[PDB]
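Visitor: The structure is given below, and queries will be raised subsequently.
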Amino acid sequence: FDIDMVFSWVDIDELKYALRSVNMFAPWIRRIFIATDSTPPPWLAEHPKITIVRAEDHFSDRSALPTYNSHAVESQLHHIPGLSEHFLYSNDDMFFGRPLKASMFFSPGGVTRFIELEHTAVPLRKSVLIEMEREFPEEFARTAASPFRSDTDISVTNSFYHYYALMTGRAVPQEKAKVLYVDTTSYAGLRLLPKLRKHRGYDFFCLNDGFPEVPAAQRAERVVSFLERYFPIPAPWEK
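For what it's worth, the working numbering labels the leading residue of the sequence shown as 2, then goes sequentially.
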């Protein structure tokens, strides 16, 4: 079966390198959707593999718009036209760390494999999301219509989906994954980057922004330097 990827994004260019990590380490991905209301980045060319999806292109209710809430977008991913039944969802600060097999995320029979959750791309199914929207209609409607991140939001992609799919026999934990968290605003976190670049060992890593102690100028220099070396191949959708 096909497997697509959806990134959420709002305007270092972390997304450029997150997309390089897919091009390098998940070549089996079919379509990449960028769910965003921002102007596309200037480095991004038109390419058959990339589709920009504004909120108005997939939300059930236009009253919910405009939105500034990633949770609202996340509650409506399964309405993206053309999206495959099996897909991954990611933020722009989540990176594939080394070559991945599709079975890291989906069994050959379609069971999703979630990493217990860790801050990584998550595997989802459109049909299961349709089912949860039908079973929790007030929560899906309210979250889609919540213009800012709220305690009332259902946390579909990072928790609720996986618990629902676990209990109904459609998801199982991924016990075999190595994940590194890098706080890029601390010196201890930035010290992880040369060790990660040199020695690898991780299927996934993520670049967090903490109360920073690293000045913004130094953080950008060290992070961009790391990403340029770790992901040196420009993807075919880059100008």
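From the three backbone atoms N, C-alpha and C, an ideal C-beta is built for every residue, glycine too.
Decide if the segment 79 to 99 is in contact with the segment 114 to 126; the criterion is three or more beta carbon pairs, one per stretch, under 8 Å apart.
Guide: Yes, they touch.
Visitor: Would you call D62 buried or exposed, if buried means 16 or more other Cβ atoms sit within 10 Å of its Cβ?
Guide: What you label residue 62 is simply residue 61 of the sequence shown in a count that begins at 1. Looking at its Cβ environment, which holds fewer than 16 other Cβ atoms inside 10 Å, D62 is exposed.
Visitor: For the segment 113 to 182, list the beta strand (DSSP E) runs that are entirely contained and at least 3 residues long, ordered along the chain.
Guide: 113 to 115, 123 to 126 and 172 to 174
Visitor: Go ahead and label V11 buried or exposed: buried means 16 or more other beta carbons lie within 10 angstroms of its beta carbon, across all protein chains shown.
Guide: Indexing the sequence shown from 1 puts residue 11 at position 10. By the 10 Å Cβ count, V11 comes out exposed.
Visitor: When DSSP labels each residue in this structure, what does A221 get in the three-state scheme?
Guide: Reading the sequence shown from its first residue, position 220 is the one you call residue 221. In the structure shown, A221 sits in a helix (DSSP, three-state: H, G or I).
Visitor: Could you tell me whether the segment 134 to 153 touches the segment 180 to 190, using the rule of 3 or more Cβ pairs below 8 Å?
Guide: Three or more Cβ pairs closer than 8 Å define a contact, and the segment 134 to 153 falls short of that threshold against the segment 180 to 190.
Visitor: Considering only the beta carbon of each residue, do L20 and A236 sit closer than 7 Å?
Guide: What you label residue 20 is simply residue 19 of the sequence shown in a count that begins at 1. What you label residue 236 is simply residue 235 of the sequence shown in a count that begins at 1. For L20 and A236, yes; Cβs fall inside 7 Å.
Visitor: Going by DSSP in three states, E239 sits in which element: helix, strand or coil?
Guide: Counting from 1 along the sequence shown, the entry for residue 239 is found at position 238. Three-state result, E239: strand.
Visitor: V215 to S9, Cα distance in whole Å?
Guide: Sequence index remark: in the sequence shown, residue 215 carries index 214 (1-based). Sequence index remark: in the sequence shown, residue 9 carries index 8 (1-based). Each residue's alpha carbon lies about 26 Å from the other.
Visitor: From what residue to what residue does the beta strand (DSSP E) around residue 243 run?
Guide: Past the boundaries of the shown model lies residue 243; the chain is included only from 2 to 240, so the question cannot be answered.
Visitor: From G98 to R201, what distance separates their C-alpha atoms?
Guide: Numbered from 1 along the sequence shown, position 97 holds the residue referred to as residue 98. Numbered from 1 along the sequence shown, position 200 holds the residue referred to as residue 201. Looking at the two C-alpha atoms, the distance is approximately 7 Å.
Visitor: Taking the alpha carbon of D154 as the reference point, which residue from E75, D38 and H59 has its own alpha carbon closest?
Guide: As a first step, residue 154 must be located in the sequence shown, where it is residue number 153. For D154, the closest of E75, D38 and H59 by C-alpha to C-alpha distance is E75.
Visitor: Counting pairs of beta carbons, one from the segment 101 to 109 and one from the segment 153 to 167, are three or more of them closer than 8 Å?
Guide: no
Visitor: For residue 248, which of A73, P67 and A103 has the nearest alpha-carbon?
Guide: The structure shown does not extend to residue 248, since the chain is modelled only from 2 to 240, so the question has no answer here.
Visitor: Can you find the residues in the same chain that come closer than 8 Å, C-beta to C-beta, to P213, ignoring five residues on each side of it along the sequence?
Guide: Along the sequence shown, read from residue 1 onward, the residue named residue 213 stands at position 212. Result list for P213: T186, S187 and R220, in chain order.
Visitor: Could you round the C-beta distance between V112 and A172 to whole angstroms and report it? I think they count as a contact, below 8 Å.
Guide: Walking along the sequence shown from the start, residue 112 turns up at place 111. Walking along the sequence shown from the start, residue 172 turns up at place 171. With 8 Å as the limit, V112 and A172 qualify as a contact, their Cβ atoms being about 6 Å apart.
Visitor: Thinking just about the alpha-carbon of each residue, which of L16, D184, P174 and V224 is nearest to the one in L118?
Guide: Numbered from 1 along the sequence shown, position 117 holds the residue referred to as residue 118. Ranking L16, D184, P174 and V224 by Cα distance to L118 puts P174 first.
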